[PDB]
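A.B. asks: After the structure tokens below, expect a handful of questions from me.
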Amino acid sequence: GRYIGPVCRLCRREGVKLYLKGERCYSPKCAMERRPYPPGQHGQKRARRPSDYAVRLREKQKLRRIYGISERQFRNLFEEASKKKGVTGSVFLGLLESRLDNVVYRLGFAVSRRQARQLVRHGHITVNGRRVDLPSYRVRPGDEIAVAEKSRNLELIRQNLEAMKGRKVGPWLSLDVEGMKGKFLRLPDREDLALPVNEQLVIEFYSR
Amino acid sequence: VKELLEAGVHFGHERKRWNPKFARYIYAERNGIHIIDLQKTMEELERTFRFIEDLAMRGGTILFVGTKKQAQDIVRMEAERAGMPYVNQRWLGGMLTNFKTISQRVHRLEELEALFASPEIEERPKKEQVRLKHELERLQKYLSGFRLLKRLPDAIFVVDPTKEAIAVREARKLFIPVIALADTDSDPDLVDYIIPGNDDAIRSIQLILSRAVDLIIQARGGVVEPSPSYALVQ
Amino acid sequence: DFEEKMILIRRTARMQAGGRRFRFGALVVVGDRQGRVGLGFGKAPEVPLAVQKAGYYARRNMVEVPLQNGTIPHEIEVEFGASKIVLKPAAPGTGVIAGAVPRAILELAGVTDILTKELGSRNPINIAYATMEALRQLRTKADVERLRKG
Amino acid sequence: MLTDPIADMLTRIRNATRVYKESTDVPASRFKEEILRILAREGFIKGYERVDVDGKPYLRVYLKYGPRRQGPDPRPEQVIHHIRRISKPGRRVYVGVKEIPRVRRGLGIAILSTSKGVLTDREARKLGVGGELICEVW
RNA sequence: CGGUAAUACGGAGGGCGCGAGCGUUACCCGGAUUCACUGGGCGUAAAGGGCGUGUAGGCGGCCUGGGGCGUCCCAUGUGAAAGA
RNA sequence: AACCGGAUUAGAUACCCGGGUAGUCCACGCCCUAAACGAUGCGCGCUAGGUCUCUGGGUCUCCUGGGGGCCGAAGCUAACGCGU
Ligand SMILES: [Mg+2]
Ligand SMILES: [Mg+2]
Ligand SMILES: [Mg+2]
Ligand SMILES: [Mg+2]
Ligand SMILES: [Mg+2]
Ligand SMILES: [Mg+2]
Ligand SMILES: [Mg+2]
Ligand SMILES: [Mg+2]
Ligand SMILES: [Mg+2]
Ligand SMILES: [Mg+2]
Ligand SMILES: [Mg+2]
Ligand SMILES: [Mg+2]
Ligand SMILES: [Mg+2]
Ligand SMILES: [Mg+2]
Ligand SMILES: [Mg+2]
Ligand SMILES: [Mg+2]
Ligand SMILES: [Mg+2]
Ligand SMILES: [Mg+2]
Ligand SMILES: [Mg+2]
Ligand SMILES: [Mg+2]
Ligand SMILES: [Mg+2]
Ligand SMILES: [Mg+2]
Ligand SMILES: [Mg+2]
Ligand SMILES: [Mg+2]
Ligand SMILES: [Mg+2]
Ligand SMILES: [Mg+2]
Ligand SMILES: [Mg+2]
Ligand SMILES: [Mg+2]
Ligand SMILES: [Mg+2]
Ligand SMILES: [Mg+2]
Ligand SMILES: [Mg+2]
Ligand SMILES: [Mg+2]
Ligand SMILES: [Mg+2]
Ligand SMILES: [Mg+2]
Ligand SMILES: [Mg+2]
Ligand SMILES: [Mg+2]
Ligand SMILES: [Mg+2]
Ligand SMILES: [Mg+2]
Ligand SMILES: [Mg+2]
Ligand SMILES: [Mg+2]
Ligand SMILES: [Mg+2]
Ligand SMILES: [Mg+2]
Ligand SMILES: [Mg+2]
Ligand SMILES: [Mg+2]
Ligand SMILES: [Zn+2]
């Protein structure tokens, strides 16, 4: 089971806003608002210059904690990226962006990452007509990511799709809001993601 | 602005203490002395003087450097003939590399000269009057020619790159061109524009420097009468 | 315009009657990440005054690095004393894989992908010196062509 | 007796170029002559020519060098930066066509002795032949 | 590290790393270019044999020609399956 | 050497002094070590010079071999240093 506990405490330790909380990371309550320093007794003390390993370590966590994945699935995804043809850096991101639980959030079906996870895990997400309840399921380009008509009358679903009205989706995605459909057009590029993570830093973390 | 028959002055030098690297300019060994190939001299002279006339009429600054007992009083006059600075008594370590700090001694020289033309020379006690007397004395001794350097030179002229190697080494490090008069005992590779010839034997030194300063002022259109340095031959 | 990264600092104590009296060594890389890097080693009685000197000495003694798509044109080995440095070009998507010291030099150089091995004496100062001279010896297909044109 | 005439010639050039000799002589041999031909073709030497010295035949190798450089050590950059004998006696080196290395990522050469003659690494690969790896030159 | 202020002992608060696992010991490879083919050395750091003679073996100046064993190239057969 | 004495000394199983056997020498046969040192194995090819010297040849200010030294180019070396 993935990490479960205080989240906006990890908004602070990375020093960057982590929208894992969904909403309220937007409202001025994120604790990134008026508390950017890390948690703990010594959070307000002056931080020492990070070692060359310190920087590489924190950058990986900043990326890993964003998708809400244990190191186990995380590492395996990297070792898969290094073997395939192409840039190890960008390919790894496109593989993360292909996670069903991550696509569900990216499609705006759920407010947060953790929320999109629970929606998959409980079977509310449809992939090409079949139910897929695994958050780790990798979406291929062209698959239709829909909502089970069993859940289309659920108030939580009609809630998030109400605010999605007029809201734009990523250039590698497209969604039909009324029928609660969705489609994964293509693997996003490095430019398609605004993630505040230097990927060469994370690669450099694994050369050791 | 040239010379041909100067075989009557400058033939050769340095019986055999020779740097082997100088072998390309050696003609033969006559009476156990290295005689410098005379045609090879003018070949390096043309390539040297063209650079001079180029830098001269561009407005540059040439540091003339000579500490030999032979070239002391010839460097003094010919550099004063031009508007160029000179080094006469001794080359100080850092005159180029430490030029920032060496220049501050000029500010003291100018300061004490200014304070020695003021009525305040006698306003100070008799003991400070002899101390600051000695400062101006040595400060004018060494820096008399170095006084006129406002920035780092655009060129360097030396009469014995062997004895002045402390000066050539700095110009190298600061990438300043090295112009030299170099006889058998000099390493030619260190000289950018070389004139092969006796570093001793005043009779020939006065000729090269005068013709050098003659060519400098000709590039600026200030044509000059013969050099006063000819009376220092005897 | 100019970014500088600190390699290391040391105590370098000196002995004198009554007790030891020390200096401070400081090694600082300077780079624009555009192919221009510089190295400098400072010595001063107090720590910051040592880094200042290093930042100044490193802006002198620069090296034009011929970056080809963010890497080196060719592999080279460089022996500085007992320390040997080895550099090899890397396809992008690899990264800078180097020790603590060569990574700092090459990052400020602008290299985003390279393969590196330190050998012999792993002394940081010598490694830095060696990695520098390695970069001074890089040539381009245009450079090597202009040597053999004649 | 001389042991390896090629390494001797490879060294005779290596030594002469470090003091920036204009020329140097190497004992004449047809195999040596083919080596010098590749070097003159690939622009590492000005060229060569047969000559006799005290009646015995030799090969004048005219070296080339770079431009006279800037401040200290004005000595020019070498045209031949490195030369190393690879397949020496006592340990012979033979490479197939797929085993031929890429010298300095293409900037250098590998003189190969092949059944089809003395070729640079590139000439040998487009000919699709391997053989004895003579030396690196870059 | 600890011999009176211990971030190193012991507990607490807090923090970091992994998470149905987490540590430990043993064992293998790694870093180790520390057996160096790639890829090391022996003046003073470990390392030239006290010196010679000479057997086996290793090594071999320049020119031509035959052979084609080493070497190089093509075709083919083989290189089971699993694995990779 | 050992040993016998005389001194010195806190003691003297020593340095110093008087003696003195093996041995040191010869022959013949063993012994096989050493800081047996250049603490640098042998052969050949290549790479600036200057100077001192032993010994040959030369048209004998000098040129040219073959040894023995010292400085030192390039280069090598961790440094000292090595450097036809
Ligand atoms: Mg891998
Ligand atoms: Mg492939
Ligand atoms: Mg990859
Ligand atoms: Mg890759
Ligand atoms: Mg797309
Ligand atoms: Mg790895
Ligand atoms: Mg010019
Ligand atoms: Mg002085
Ligand atoms: Mg002289
Ligand atoms: Mg360049
Ligand atoms: Mg070494
Ligand atoms: Mg490439
Ligand atoms: Mg070691
Ligand atoms: Mg207590
Ligand atoms: Mg204490
Ligand atoms: Mg206490
Ligand atoms: Mg504690
Ligand atoms: Mg504790
Ligand atoms: Mg705790
Ligand atoms: Mg598991
Ligand atoms: Mg191990
Ligand atoms: Mg190994
Ligand atoms: Mg290894
Ligand atoms: Mg071992
Ligand atoms: Mg080996
Ligand atoms: Mg090999
Ligand atoms: Mg070793
Ligand atoms: Mg020893
Ligand atoms: Mg011996
Ligand atoms: Mg021994
Ligand atoms: Mg043979
Ligand atoms: Mg045989
Ligand atoms: Mg055959
Ligand atoms: Mg198989
Ligand atoms: Mg299969
Ligand atoms: Mg007694
Ligand atoms: Mg007694
Ligand atoms: Mg006593
Ligand atoms: Mg024995
Ligand atoms: Mg040996
Ligand atoms: Mg005689
Ligand atoms: Mg001799
Ligand atoms: Mg010596
Ligand atoms: Mg040297
Ligand atoms: Zn937050």
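FYI, residue positions are counted from 1 along the chain as it appears here.
Including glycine, each Cβ sits where the backbone N, Cα and C put it.
Summarising the annotation, Swiss-Prot assigns Zn(2+) binding site to A:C8, A:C11, A:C25, A:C30 and lists experimental evidence as the type of evidence. The domain 'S4 RNA-binding' annotation in Swiss-Prot covers A:98-160.
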A.B. asks: Quick check: which same-chain residues outside A:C8, A:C11, A:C25, A:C30 lie with their CB within 8 A of the centre of the Zn(2+) site CB atoms?
C.D. replies: A:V7, A:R12, A:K17, A:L18, A:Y19, A:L20, A:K21, A:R24, A:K29, A:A31, A:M32, A:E33
A.B. asks: What is the one among the binding-site residues A:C8, A:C11, A:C25, A:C30 whose Cβ has the most other Cβ atoms less than or equal to 10 Å away?
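C.D. replies: Of A:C8, A:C11, A:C25, A:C30, the one with the most crowded Cβ is A:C11.
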A.B. asks: Work out, from DSSP, the number of helix, strand and coil residues along the domain 'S4 RNA-binding' (A:98-160).
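C.D. replies: Helix, strand, coil within the domain 'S4 RNA-binding' (A:98-160): 22 helix, 11 strand, 30 coil.
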